[PDB]
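Written below as structure tokens is the structure these notes are about.
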RNA sequence: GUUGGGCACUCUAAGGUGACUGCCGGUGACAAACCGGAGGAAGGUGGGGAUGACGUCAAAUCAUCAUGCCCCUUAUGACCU
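In the authors' numbering, the protein residues as written are 391 to 585.
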């Protein structure tokens, strides 16, 4: 009974992913380790963490929910919490652009006005190359860390203007705050100056 | 800097230019906003500074005001070492 829904979920996730990549999001697909332990905490193995179709599908659904909530509250113009990723440091990024030129990769843009899509075009060009891992690593080191902020400053890595965390309030206090602000402003209608 | 000297550059004292997110767009209600993008000595409150109608609250404080209610009065007074 669920198989038809799962096939529609896969198609929708692909449509959302295609849109996200066309918007110029940076797909940072790095090989992470997963340490496997037993019930006694003894190490059994160290494997590559793979992101499957099912994880990527849920990722796209949580992303579009997160974007939709952030955009809604941005236009409501009430105090809210955002998940921001600021523009890269122009000096670090200039050094990265000089670095990838040594491998013969030429990027369209200047370090002070780079579009995320221009970085994604490098990742796509280095995919399945020996130099992939290192170009990827030096690109990451040129980016800023994402953080929580009351200002909607956008999310460079996701190439979006509106982003918040809404989808995990059991394990993230920002999401729990987002839920309280939703209840305060939308459900209870409490948009008064003192609130 | 002496020794002149209008003393340019000082300097000092005004006066006056001066900056306005104004220009100018990316987004978007061709909106806002924000990203800006230039000019410029300097930027978005050019930056720090700056503002009453009914003033008003056992605010705060009986050393605010109270003497409160004190009191000692050749002494709950001053002078000396």
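Backbone N, C-alpha and C fix where the C-beta goes; we use that ideal spot for every residue, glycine too.
Here DSSP, grouped into helix, strand and coil, assigns residue 402 to helix.
When DSSP states are grouped into helix, strand and coil, residue 473 belongs to the strand group. In the DSSP assignment, residue 560 falls outside any beta strand (DSSP E), carrying neither H nor E.
Considering only 415, 400 and 399, the residue with the shortest C-alpha distance to residue 508 is 415.
Take the alpha-carbon of residue 572 and the one of residue 538: they are about 17 angstroms apart. Of the other Cβ atoms in all chains shown, fewer than 16 fall within 10 Å of the Cβ of residue 433; this residue is therefore exposed. Residue 556 is a Cβ neighbour of residue 565, given a cutoff of 8 angstroms. Residue 424: not part of any alpha helix (DSSP H); member of the beta strand (DSSP E) spanning 422-427, first to last residue.
Distance from residue 493 to residue 448 at the Cβ level is roughly 35 angstroms; contact not present, criterion being Cβ atoms closer than 8 angstroms.
For the pair residue 419 and residue 450, the Cα-to-Cα distance works out to about 14 angstroms.
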